[PDB]
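Participant: Below is a structure I'd like to ask you about.
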Amino acid sequence: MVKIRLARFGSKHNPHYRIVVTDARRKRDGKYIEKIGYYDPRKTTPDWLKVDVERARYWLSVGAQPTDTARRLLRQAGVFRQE
Amino acid sequence: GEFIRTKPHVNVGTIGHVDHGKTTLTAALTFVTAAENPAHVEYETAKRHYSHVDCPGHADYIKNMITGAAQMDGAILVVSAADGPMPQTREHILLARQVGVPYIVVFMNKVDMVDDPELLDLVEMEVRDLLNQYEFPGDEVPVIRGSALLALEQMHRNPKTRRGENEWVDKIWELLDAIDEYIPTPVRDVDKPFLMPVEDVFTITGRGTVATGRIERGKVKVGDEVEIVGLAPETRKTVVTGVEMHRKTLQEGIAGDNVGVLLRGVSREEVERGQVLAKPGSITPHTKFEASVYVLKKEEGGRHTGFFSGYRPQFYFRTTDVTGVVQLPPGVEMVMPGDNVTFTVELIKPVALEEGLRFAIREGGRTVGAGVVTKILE
Amino acid sequence: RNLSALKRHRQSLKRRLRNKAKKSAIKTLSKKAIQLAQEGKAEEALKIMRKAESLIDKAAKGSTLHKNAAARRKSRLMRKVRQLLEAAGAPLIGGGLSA
Amino acid sequence: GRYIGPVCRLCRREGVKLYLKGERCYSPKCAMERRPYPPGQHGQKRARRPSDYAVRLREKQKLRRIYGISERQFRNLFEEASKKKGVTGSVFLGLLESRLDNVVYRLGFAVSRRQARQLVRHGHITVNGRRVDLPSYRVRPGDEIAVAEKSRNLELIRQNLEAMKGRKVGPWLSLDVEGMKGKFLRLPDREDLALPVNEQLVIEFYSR
RNA sequence: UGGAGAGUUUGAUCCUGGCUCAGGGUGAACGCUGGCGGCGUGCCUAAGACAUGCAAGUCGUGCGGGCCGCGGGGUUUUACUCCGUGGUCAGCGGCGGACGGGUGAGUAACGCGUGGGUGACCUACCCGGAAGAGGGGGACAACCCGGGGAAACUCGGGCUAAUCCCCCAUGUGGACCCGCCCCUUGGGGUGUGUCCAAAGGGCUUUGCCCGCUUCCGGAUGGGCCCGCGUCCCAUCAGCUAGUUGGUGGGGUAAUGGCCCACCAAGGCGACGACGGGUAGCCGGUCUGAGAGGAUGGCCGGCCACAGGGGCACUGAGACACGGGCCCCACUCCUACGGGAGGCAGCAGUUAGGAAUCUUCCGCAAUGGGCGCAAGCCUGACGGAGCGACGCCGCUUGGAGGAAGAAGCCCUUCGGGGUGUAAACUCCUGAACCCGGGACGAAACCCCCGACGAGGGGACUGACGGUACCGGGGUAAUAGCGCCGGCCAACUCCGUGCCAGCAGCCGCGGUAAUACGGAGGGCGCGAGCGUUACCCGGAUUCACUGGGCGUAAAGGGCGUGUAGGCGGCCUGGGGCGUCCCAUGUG
RNA sequence: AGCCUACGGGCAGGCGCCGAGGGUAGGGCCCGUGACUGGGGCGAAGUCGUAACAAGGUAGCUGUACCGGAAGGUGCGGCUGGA
RNA sequence: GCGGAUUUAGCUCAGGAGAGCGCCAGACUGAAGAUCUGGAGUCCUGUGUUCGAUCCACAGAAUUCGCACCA
Ligand SMILES: C/C=C\C=C\[C@@H]1O[C@](O)([C@H](CC)C(=O)NC/C=C/C=C(\C)[C@@H](OC)[C@@H](C)[C@@H]2O[C@H](/C=C/C=C/C=C(\C)C(=O)c3c(O)ccn(C)c3=O)[C@H](O)[C@@H]2O)[C@H](O)[C@H](O)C1(C)C
Ligand SMILES: Nc1nc2c(ncn2[C@@H]2O[C@H](COP(=O)(O)OP(=O)(O)O)[C@@H](O)[C@H]2O)c(=O)[nH]1
Ligand SMILES: N[C@H](C=O)Cc1ccccc1
């Protein structure tokens, strides 16, 4: 089905993923259905994680199991916290 | 299939007149030993592991006998009891001497054809004298009497035939024992820089090119960088992708081992017989050098006329022969047979050379000189 | 050499042989029906035509007929029956079809 | 790179005396002061009117040789400069002056650009704390360019800043001779620079 | 924010006109040369042929066994070997094997591109909502028994478990025929009649978790259709029988000659039909001042194919590269009785060619399949290796040092040049040496709360003892092309229309700045040249932006069809045209 | 005629249409090659004559036609780029 | 690697080292040409056989064609 996962970018020895939603079937770095954030697993920038929630919120409201580690970041950006 | 080094390795082979039994004996040797331990073959005794080259021995294979004999630690001279020594017996003995085969073990074959004790003793006497004639210790060499054919046929009947069960097969064990005892295991120069003269080059279908030869010194293993020196326009450098002993994966080849070295990215058009594989920078290609040379006497099979400037004989270095132009010192018009002199040479093709390297000089199929490189000029 | 996926084939076969059957029944069973409408029968036709239906919707459960194929077979089957009994007979016998 | 080889051999040819050695290129012997003519068997012979091309050329080769920088590197700047909005003519220089090796020269730490390089390369220089050895490196406005602690005691870097006590320097700079650490005020404007060159020709030349 | 021109027809001139050079670019190759590193990149030729290893599986929380290794008594004991659990090999059954990876052969087509249509349609796993799961029955592997074979593997016989197949029930609902109302291509509702449902397994067990079934909605992924756009030859001009349409069928998820009967004769074409040739399309890429010209290699998207051709089955989805059937070619194996294979997956071999790599490390990260999870697989991927193929960074030193060694080259014999160059003196210190040493990795999992929201704990690194930091520390590679003009850089000797050079113009016939060597110089520099190809300059196919009296160019003249173009004034429409907004890109 | 049944029916097997390819036949389009033959291009100093440029020493040229070793000659007609 | 074929003036080519050609030079030219004058190997290498070797023998080399197998 449709998923919320990361897509590698940047250069070698310098990951820089892209929080995105695509159909499982498309390849990793394939064509996404819609972007929702970026993540730098090295924090070279003070802004390494980032996630448009409204969007990430929607894509879930419609069903879209995100990678385990896609959940992580999402969560971490306070996607589920409801108070 | 892997090859595990467990016994000292020795290189031997069969020489002797045509039809006397060299090839039949070679086959018998492999079958007989196969019963115990489960033209280039291998076989082992309780004492050593042997690589054996069976020389066709014909005149048109002369250059091949030269390189084959040069890599032998000892040779098995096969002489038919029904014929006695013949022209090739004498020819192979001289060649063995000139290329330095260190020891000779004799196998009087076809005794199944001769029973008369006197004729058998006469043949042995003749062979011993023949060996003495070329300066081999004829009176000390082992002379085993047997039948390669009957031994071979017995093994064909019963591949499991073991020592002590068949008189003919036991004669082969007598030879194997003589080889184990009379031919000493030489000291291998395993601590020196790797160097292996290329004997032949083949393409292992679906694997790449492979260069075979006997390691002269040093060692070699997969992942080792090696230079291909001589003959070609420039020295080529590659990496070893494989090392095999009789087509079996070998951990590391060492001096004395006759192996197959598979090379990376090199076609059979980039490696050839005569070139040498060596540790990068250990040896270089040259064409001009000075050398101390002994001109063989007519009484030693050489010519009665001497060397002269402009003479272009063949120079034999390790596994190949290249034409070289001789240049004598000023004033010297000729170097006569029996004399030792130093002159310059310019090969028509580059060859991996180094000071102290020995080489022979031949004009066609006749040995006319023995030299040693004394100085590399270029 | 071989890599155990043959089972799929194995299964394939079975599964085929499987529906091949039921599918034919639908047919033979269907024809049987129309044959009675063409022969201008009445109940027996419907009874058949009726049984027909059931056998079909049943085939729809498995990986045999599905989607509209389901209906398609019926939307036609009983579509003809009526248009064969309108040749006097009249659905005197309450079967699948309704006045 | 950085040329390497005869220099007061260009202190010639170009004619226009340019300082490549520094100290000596002040002596009564920049050789230009001794030989006012281009090197070679000829050099001193009636010279033909240089073609409208030779000019546009010789000027370029001049300026470039001044900073001792490869055509490749040179060229790349020029383009970049031709690209950046504004008066390409000027710009060029700016980027050409922003080279660390250069700065470290104007800031006195080095008796000549060639020497500058070495220093920058050997890590004897640093920036905003961390050290650098990228001669090419383009310094931004507001950067502190000083000697490294380990270097602070180099017999040379000493003798150099020594003379610096007194002399003023580039209006777009600020040398703190004491703690031997200059700053990068801003990109110099043409008026600020004053080399024996007509940037126009260079521009022209690159449209050949 | 952008546009430069020169050489060559003449005794000289202007014009025309072709040729040619200066620039940029390339998946390059070839020559001479070659020190360090990062990031990129690498069969353009035979869609020729391939050794070997590895590339797709996974569930014991669906079922029953074989083999192996633990724990425990029903009759009074071994036997019918009944039970809970942890290995292994298959079987059954489920989900995946239709993605991912590879290639450009074919395709001039609704293939691609772009913008719409679907009242003509499908969509497994994931979401949201509504509703339920009561009873029996059935047979096939495994397995056991006997048999054939070298192998691949197969026939006969006897048992058996299910989330396997089947029937009856229940039917919120949903499917189908006819009629009614609403709407309008078959869309929504409704009346009678008929038809269709389910599967258990696991834990903390009248309480949940994972599943099952049915229906509606969503989301994602498609099918089909249409308008416009997308190559050279007209020395290819007429083409067409399922051909064009029709009524009725068949077929499908669905439209439709897609297919079949029967009927009607149509349908297309100089706005280029039909035919030949050539070709995967786009995003983009290269050049140009732009308009254009050329191009489609890497990466992304669409299509197509898996030795050549055809066909179905299974399934949500395939006519399915590592599934099946048949024909053909080819290669192989063999016990000569039959069988086997399909690198355009990774790497590697051979052939061809001017030419294009390691049979590498790892699943640690990302992504994917199965599973509740632990976790298994992953040549996808993440890294490493090989080649100046490209881009970028960097080194072979720095400051001094003679009115100026030597050597070598010129020399009007005084001297001039190489040249501050060197030597020499000081300082720096690539390499090398020792010490320390990563980011990438926080989740899944464990405890509290509710297995959620929120908080706390723990494991995991291929690259790698590499980067990078600190200490010590030696002056430590340079080459190639050119120097008559265009085009920057000149003298001597040799040679004597010879030898040779050469992009166009041209040079060499005994004083050559053009050949060959030398001294010197100019250019670029770990590169420099050469050959090939694209754009430019070329306003030299000219819309921007050209022409035809003599330079190439008016049809021998006329009549006229299509087509192109069209006086003045008033009013209606508003297709071109123009503006705004919005979708898209 | 066989196999299964829960009697409806299914499978096996039989027949037919479609059908890859294979065969035979007769066409179309393109490429290669072929005794000999036709012209054409280019190549320092070979032969024959003199057509053209000055009335080019018969103005020239040109369509056509015949003719001659060769350029070319001539007939009719045309043009001036001849008088 | 195994075998065959091939290797004589500058160019073409055949047991007492030749033919043809043109080729080289001189004269002449301001030159080239044209004319006149004139001139002219190691036979792939070495060694051997022979009174004498391009020729015969052996060794070798190179070119070329076919064969070659496959750690
Ligand atoms: C021999 C061929 C190639 C050799 C190559 C190189 O040789 C070497 O360089 C080698 C090193 C010495 C070498 O150069 N050999 C090169 C040479 C080396 C020569 C030595 C040693 C010698 O001493 C003078 C000894 C044999 C010495 O001679 C005597 C021989 C007498 C023979 C008389 C034969 C005569 C009348 C005769 O008519 C005759 C015959 O009867 C039979 C066969 N035929 C054909 C004959 O004609 C005796 O036997 C002594 O022992 C090395 O071995 C290298 O590694 C190698 C093998 C690469
Ligand atoms: N009688 C007999 N014949 C033998 C013997 N050894 C070999 N042969 C034969 O002699 C011939 C030559 O043998 P081979 O080994 O080929 O000889 P090579 O030329 O030395 O290799 C063959 O026919 C063999 O069978 C033996 O011991 N006795
Ligand atoms: N070990 C090598 C391969 O078998 C020895 C060899 C070389 C060459 C030929 C045969 C054997």
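Naming works like this for the structure tokens: A, B, ... for the chains as they're shown, residue 1 at the start of each chain, ligands 1 onward in shown order.
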Going by DSSP on the backbone, which residues of region 20-204 of chain D come out as strand (DSSP E or B)? List them as a list in words.

Facilitator: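 So, restricting region 20-204 of chain D to strand (DSSP E or B), we get residues 99, 125, 126, 127, 131, 138, 144, 145, 146, 147, 173, 174, 175, 181, 182, 183 and 184 of chain D.
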
Participant: Quick one: residues within 7 Å of ligand 2, with only C-alpha atoms (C1' of nucleotides) and all ligand atoms, as an NGL selection string?

Facilitator: :B and (16-25 or 56 or 109-113 or 146-150)

Participant: Residues near residue 59 (chain F), anyone? I mean within 12 Å using only C-alpha atoms (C1' of nucleotides), not counting same-chain ones fewer than 5 positions away, as an MDAnalysis selection string.

Facilitator: chainID F and resid 52 54 80 82:83

Participant: Would you save the residues of that selection, restricted to N, CA, C and O atoms (P, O5', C5', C4', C3', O3' and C1' of nucleotides), as a PDB file, in the first residue's frame?

Facilitator:
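See selection-v8.pdb below for the written result:
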```pdb
ATOM      1  P     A F  52      38.006  30.134 -83.908  1.00  0.00           P
ATOM      2  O5'   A F  52      37.629  30.629 -82.443  1.00  0.00           O
ATOM      3  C5'   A F  52      36.310  30.425 -81.909  1.00  0.00           C
ATOM      4  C4'   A F  52      36.333  30.545 -80.395  1.00  0.00           C
ATOM      5  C3'   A F  52      36.988  31.790 -79.827  1.00  0.00           C
ATOM      6  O3'   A F  52      36.162  32.924 -79.875  1.00  0.00           O
ATOM      7  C1'   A F  52      37.777  29.919 -78.646  1.00  0.00           C
ATOM      8  P     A F  54      37.172  38.923 -78.195  1.00  0.00           P
ATOM      9  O5'   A F  54      38.236  39.262 -79.328  1.00  0.00           O
ATOM     10  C5'   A F  54      39.582  39.574 -79.001  1.00  0.00           C
ATOM     11  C4'   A F  54      40.004  40.831 -79.706  1.00  0.00           C
ATOM     12  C3'   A F  54      39.975  40.812 -81.235  1.00  0.00           C
ATOM     13  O3'   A F  54      39.702  42.142 -81.704  1.00  0.00           O
ATOM     14  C1'   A F  54      42.156  41.225 -80.481  1.00  0.00           C
ATOM     15  P     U F  80      19.258  40.844 -79.343  1.00  0.00           P
ATOM     16  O5'   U F  80      20.833  40.683 -79.120  1.00  0.00           O
ATOM     17  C5'   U F  80      21.376  40.346 -77.825  1.00  0.00           C
ATOM     18  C4'   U F  80      22.855  40.647 -77.766  1.00  0.00           C
ATOM     19  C3'   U F  80      23.251  42.085 -78.079  1.00  0.00           C
ATOM     20  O3'   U F  80      24.391  42.415 -77.289  1.00  0.00           O
ATOM     21  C1'   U F  80      24.333  40.630 -79.567  1.00  0.00           C
ATOM     22  P     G F  82      29.385  41.520 -76.999  1.00  0.00           P
ATOM     23  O5'   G F  82      28.424  42.553 -77.745  1.00  0.00           O
ATOM     24  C5'   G F  82      27.848  42.237 -79.037  1.00  0.00           C
ATOM     25  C4'   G F  82      28.944  41.978 -80.063  1.00  0.00           C
ATOM     26  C3'   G F  82      29.383  43.108 -80.987  1.00  0.00           C
ATOM     27  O3'   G F  82      30.358  43.980 -80.424  1.00  0.00           O
ATOM     28  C1'   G F  82      29.085  41.107 -82.229  1.00  0.00           C
ATOM     29  P     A F  83      30.605  45.435 -81.079  1.00  0.00           P
ATOM     30  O5'   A F  83      30.893  45.166 -82.620  1.00  0.00           O
ATOM     31  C5'   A F  83      31.003  46.267 -83.543  1.00  0.00           C
ATOM     32  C4'   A F  83      31.147  45.749 -84.952  1.00  0.00           C
ATOM     33  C3'   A F  83      30.785  46.737 -86.052  1.00  0.00           C
ATOM     34  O3'   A F  83      31.643  47.884 -86.286  1.00  0.00           O
ATOM     35  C1'   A F  83      29.685  44.668 -86.432  1.00  0.00           C
TER      36        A F  83
END
```

Participant: DSSP says helix (DSSP H, G or I) for which residues of region 159-285 of chain B? Put them as an MDAnalysis selection string?

Facilitator: chainID B and resid 167:182

Participant: Using C-alpha atoms, can you write the selected residues to a file as a compact mmCIF listing (two decimals), in the first residue's frame?

Facilitator:
```txt
# COMPACT_ATOMS: atom_id res chain seq x y z
CA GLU B 167 56.18 -58.02 -8.46
CA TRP B 168 55.89 -55.50 -11.31
CA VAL B 169 54.10 -52.86 -9.26
CA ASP B 170 56.78 -53.35 -6.61
CA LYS B 171 59.43 -52.45 -9.20
CA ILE B 172 57.71 -49.08 -9.54
CA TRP B 173 57.92 -48.67 -5.76
CA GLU B 174 61.62 -49.49 -6.02
CA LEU B 175 61.88 -46.55 -8.40
CA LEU B 176 59.77 -44.31 -6.18
CA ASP B 177 62.03 -45.20 -3.23
CA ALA B 178 65.14 -44.49 -5.29
CA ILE B 179 63.71 -41.12 -6.30
CA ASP B 180 62.87 -40.31 -2.65
CA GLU B 181 66.38 -41.23 -1.49
CA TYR B 182 68.81 -40.39 -4.31
```

Participant: Kindly provide, as a PDB file with N, CA and C atoms, in the first residue's frame, all nucleotide and amino acid residues lying within 7 Å of ligand 1, counting only C-alpha atoms (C1' of nucleotides) and all ligand atoms.

Facilitator:
```pdb
ATOM      1  N   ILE B  66      64.295 -28.206 -23.114  1.00  0.00           N
ATOM      2  CA  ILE B  66      65.217 -27.294 -22.455  1.00  0.00           C
ATOM      3  C   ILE B  66      64.576 -26.655 -21.221  1.00  0.00           C
ATOM      4  N   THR B  67      63.398 -26.050 -21.374  1.00  0.00           N
ATOM      5  CA  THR B  67      62.749 -25.420 -20.222  1.00  0.00           C
ATOM      6  C   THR B  67      62.219 -26.443 -19.225  1.00  0.00           C
ATOM      7  N   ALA B  70      65.268 -27.801 -17.328  1.00  0.00           N
ATOM      8  CA  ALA B  70      65.825 -26.736 -16.501  1.00  0.00           C
ATOM      9  C   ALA B  70      65.096 -26.589 -15.169  1.00  0.00           C
ATOM     10  N   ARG B  90      71.769 -40.569 -25.249  1.00  0.00           N
ATOM     11  CA  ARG B  90      72.968 -39.747 -25.205  1.00  0.00           C
ATOM     12  C   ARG B  90      72.636 -38.256 -25.344  1.00  0.00           C
ATOM     13  N   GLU B  91      71.728 -37.932 -26.259  1.00  0.00           N
ATOM     14  CA  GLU B  91      71.325 -36.548 -26.490  1.00  0.00           C
ATOM     15  C   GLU B  91      70.628 -35.923 -25.280  1.00  0.00           C
ATOM     16  N   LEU B  94      73.190 -35.219 -22.409  1.00  0.00           N
ATOM     17  CA  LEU B  94      74.004 -34.026 -22.606  1.00  0.00           C
ATOM     18  C   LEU B  94      73.175 -32.780 -22.297  1.00  0.00           C
ATOM     19  N   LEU B  95      71.942 -32.744 -22.797  1.00  0.00           N
ATOM     20  CA  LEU B  95      71.069 -31.600 -22.558  1.00  0.00           C
ATOM     21  C   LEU B  95      70.826 -31.451 -21.065  1.00  0.00           C
ATOM     22  N   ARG B  97      72.754 -32.279 -18.696  1.00  0.00           N
ATOM     23  CA  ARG B  97      73.979 -31.735 -18.114  1.00  0.00           C
ATOM     24  C   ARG B  97      74.084 -30.234 -18.374  1.00  0.00           C
ATOM     25  N   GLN B  98      73.915 -29.840 -19.631  1.00  0.00           N
ATOM     26  CA  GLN B  98      74.002 -28.429 -19.998  1.00  0.00           C
ATOM     27  C   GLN B  98      72.977 -27.519 -19.322  1.00  0.00           C
ATOM     28  N   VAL B  99      71.798 -28.042 -18.974  1.00  0.00           N
ATOM     29  CA  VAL B  99      70.801 -27.201 -18.313  1.00  0.00           C
ATOM     30  C   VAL B  99      70.900 -27.386 -16.803  1.00  0.00           C
ATOM     31  N   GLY B 100      71.871 -28.191 -16.382  1.00  0.00           N
ATOM     32  CA  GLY B 100      72.079 -28.435 -14.965  1.00  0.00           C
ATOM     33  C   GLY B 100      71.234 -29.411 -14.163  1.00  0.00           C
ATOM     34  N   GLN B 133      80.509 -40.653 -19.215  1.00  0.00           N
ATOM     35  CA  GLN B 133      81.018 -39.938 -20.376  1.00  0.00           C
ATOM     36  C   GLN B 133      80.637 -38.460 -20.421  1.00  0.00           C
ATOM     37  N   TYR B 134      79.515 -38.104 -19.803  1.00  0.00           N
ATOM     38  CA  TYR B 134      79.075 -36.712 -19.798  1.00  0.00           C
ATOM     39  C   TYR B 134      79.227 -36.096 -18.421  1.00  0.00           C
ATOM     40  N   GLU B 135      79.992 -36.788 -17.587  1.00  0.00           N
ATOM     41  CA  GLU B 135      80.278 -36.371 -16.225  1.00  0.00           C
ATOM     42  C   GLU B 135      79.215 -36.487 -15.145  1.00  0.00           C
ATOM     43  N   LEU B 296      82.239 -23.004 -25.955  1.00  0.00           N
ATOM     44  CA  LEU B 296      82.442 -24.449 -25.900  1.00  0.00           C
ATOM     45  C   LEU B 296      83.406 -24.985 -26.950  1.00  0.00           C
ATOM     46  N   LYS B 298      85.059 -27.848 -29.506  1.00  0.00           N
ATOM     47  CA  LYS B 298      84.433 -28.726 -30.477  1.00  0.00           C
ATOM     48  C   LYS B 298      84.239 -30.064 -29.774  1.00  0.00           C
ATOM     49  N   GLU B 299      85.161 -30.384 -28.866  1.00  0.00           N
ATOM     50  CA  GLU B 299      85.098 -31.636 -28.121  1.00  0.00           C
ATOM     51  C   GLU B 299      83.979 -31.659 -27.091  1.00  0.00           C
ATOM     52  N   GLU B 300      83.278 -30.535 -26.946  1.00  0.00           N
ATOM     53  CA  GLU B 300      82.173 -30.435 -25.997  1.00  0.00           C
ATOM     54  C   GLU B 300      80.871 -30.217 -26.781  1.00  0.00           C
ATOM     55  N   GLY B 301      80.914 -30.509 -28.080  1.00  0.00           N
ATOM     56  CA  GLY B 301      79.744 -30.344 -28.927  1.00  0.00           C
ATOM     57  C   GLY B 301      79.596 -28.967 -29.564  1.00  0.00           C
ATOM     58  N   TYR B 316      69.557 -18.039 -24.616  1.00  0.00           N
ATOM     59  CA  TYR B 316      68.550 -18.674 -23.783  1.00  0.00           C
ATOM     60  C   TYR B 316      68.537 -18.188 -22.339  1.00  0.00           C
ATOM     61  N   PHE B 317      67.483 -17.449 -21.998  1.00  0.00           N
ATOM     62  CA  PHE B 317      67.284 -16.894 -20.659  1.00  0.00           C
ATOM     63  C   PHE B 317      66.010 -17.513 -20.098  1.00  0.00           C
ATOM     64  N   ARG B 318      66.142 -18.228 -18.988  1.00  0.00           N
ATOM     65  CA  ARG B 318      65.006 -18.875 -18.351  1.00  0.00           C
ATOM     66  C   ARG B 318      64.119 -19.639 -19.339  1.00  0.00           C
ATOM     67  N   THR B 319      62.885 -19.189 -19.562  1.00  0.00           N
ATOM     68  CA  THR B 319      61.991 -19.893 -20.484  1.00  0.00           C
ATOM     69  C   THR B 319      61.881 -19.478 -21.943  1.00  0.00           C
ATOM     70  N   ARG B 358      72.516 -16.473 -15.475  1.00  0.00           N
ATOM     71  CA  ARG B 358      73.186 -17.347 -16.427  1.00  0.00           C
ATOM     72  C   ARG B 358      72.340 -17.573 -17.674  1.00  0.00           C
ATOM     73  N   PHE B 359      73.014 -17.792 -18.797  1.00  0.00           N
ATOM     74  CA  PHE B 359      72.327 -18.023 -20.059  1.00  0.00           C
ATOM     75  C   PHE B 359      73.210 -18.858 -20.967  1.00  0.00           C
ATOM     76  N   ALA B 360      72.584 -19.548 -21.910  1.00  0.00           N
ATOM     77  CA  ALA B 360      73.330 -20.375 -22.838  1.00  0.00           C
ATOM     78  C   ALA B 360      73.224 -19.737 -24.204  1.00  0.00           C
ATOM     79  N   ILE B 361      74.169 -20.075 -25.072  1.00  0.00           N
ATOM     80  CA  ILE B 361      74.176 -19.540 -26.416  1.00  0.00           C
ATOM     81  C   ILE B 361      74.103 -20.737 -27.354  1.00  0.00           C
ATOM     82  N   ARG B 366      72.410 -26.329 -31.750  1.00  0.00           N
ATOM     83  CA  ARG B 366      73.731 -26.664 -31.218  1.00  0.00           C
ATOM     84  C   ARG B 366      74.226 -25.666 -30.164  1.00  0.00           C
ATOM     85  N   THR B 367      74.562 -26.165 -28.977  1.00  0.00           N
ATOM     86  CA  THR B 367      75.049 -25.301 -27.898  1.00  0.00           C
ATOM     87  C   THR B 367      76.491 -24.890 -28.180  1.00  0.00           C
ATOM     88  N   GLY B 369      77.931 -21.855 -26.484  1.00  0.00           N
ATOM     89  CA  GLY B 369      78.488 -21.036 -25.420  1.00  0.00           C
ATOM     90  C   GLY B 369      77.670 -21.000 -24.143  1.00  0.00           C
ATOM     91  N   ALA B 370      78.335 -20.665 -23.042  1.00  0.00           N
ATOM     92  CA  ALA B 370      77.714 -20.574 -21.723  1.00  0.00           C
ATOM     93  C   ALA B 370      78.161 -19.241 -21.120  1.00  0.00           C
ATOM     94  N   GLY B 371      77.220 -18.350 -20.831  1.00  0.00           N
ATOM     95  CA  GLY B 371      77.616 -17.078 -20.267  1.00  0.00           C
ATOM     96  C   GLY B 371      76.895 -16.661 -19.002  1.00  0.00           C
TER      97      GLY B 371
END
```

Participant: Which residues are near ligand 3 in this structure, taking near to mean any atom at most 8 Å from a ligand atom and counting only C-alpha atoms (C1' of nucleotides) and all ligand atoms? Format them as JSON, numbers by chain.

Facilitator: {"B": [39, 40, 41, 51, 199, 200, 212, 213, 244, 245, 246, 247, 248, 258, 259, 260], "G": [71]}

Participant: Find the residues around residue 31 (chain G) up to 12 Å (only C-alpha atoms (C1' of nucleotides) counted), leave out those fewer than 2 positions away in its own chain, and share them as a PyMOL selection string.

Facilitator: (chain E and resi 497+509) or (chain G and resi 28-29+33)

Participant: I'd like the neighbourhood of residue 15 (chain G) as a list in words, where a residue qualifies if any of its atoms comes within 8 Å (using only C-alpha atoms (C1' of nucleotides)), though same-chain residues fewer than 4 positions away should be ignored.

Facilitator: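 Result of the neighbour search: residues 52, 53 and 55 of chain G.
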
Participant: Skipping near chain neighbours, those fewer than 2 positions away, what residues fall within 6 Å of region 47-63 of chain A using only C-alpha atoms (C1' of nucleotides), listed as a list in words?

Facilitator: residues 36, 37, 38, 39, 40, 43 and 45 of chain A; 126, 127 and 219 of chain E

Participant: What residues in chain B lie within 9 Å of chain G, counting only C-alpha atoms (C1' of nucleotides), written as a PyMOL selection string?

Facilitator: chain B and resi 60-61+63-64+201-205+210-212+242-248+259-262+303+305+310-314+323+362-366

Participant: Counting only C-alpha atoms (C1' of nucleotides), which residue out of E:203, E:208, E:467, E:426 sits closest to residue 439 (chain E)?

Facilitator: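 Closest to residue 439 (chain E), using only C-alpha atoms (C1' of nucleotides): E:467.
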
Participant: For residue 227 (chain E), list every protein, DNA or RNA residue within 12 Å, evaluated using only C-alpha atoms (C1' of nucleotides), and leave out those in the same chain fewer than 4 positions away; present the list as a PyMOL selection string.

Facilitator: chain E and resi 110+114-117

Participant: Could you please determine the separation between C1' of residue 230 (chain E) and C1' of residue 300 (chain E) in Å, to one decimal place?

Facilitator: 20.9 Å

Participant: Can you write out as JSON lines which residues of chain F fall within 12 Å of chain C, alongside each residue's closest atom pair and its distance in Å to one decimal, counting only C-alpha atoms (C1' of nucleotides) and ordering rows by chain and ascending residue number?

Facilitator:
```
{"residue": "F:8", "atom": "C1'", "partner": "C:29", "partner_atom": "CA", "distance": 8.4}
{"residue": "F:9", "atom": "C1'", "partner": "C:25", "partner_atom": "CA", "distance": 6.6}
{"residue": "F:10", "atom": "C1'", "partner": "C:21", "partner_atom": "CA", "distance": 5.9}
{"residue": "F:11", "atom": "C1'", "partner": "C:21", "partner_atom": "CA", "distance": 8.3}
```
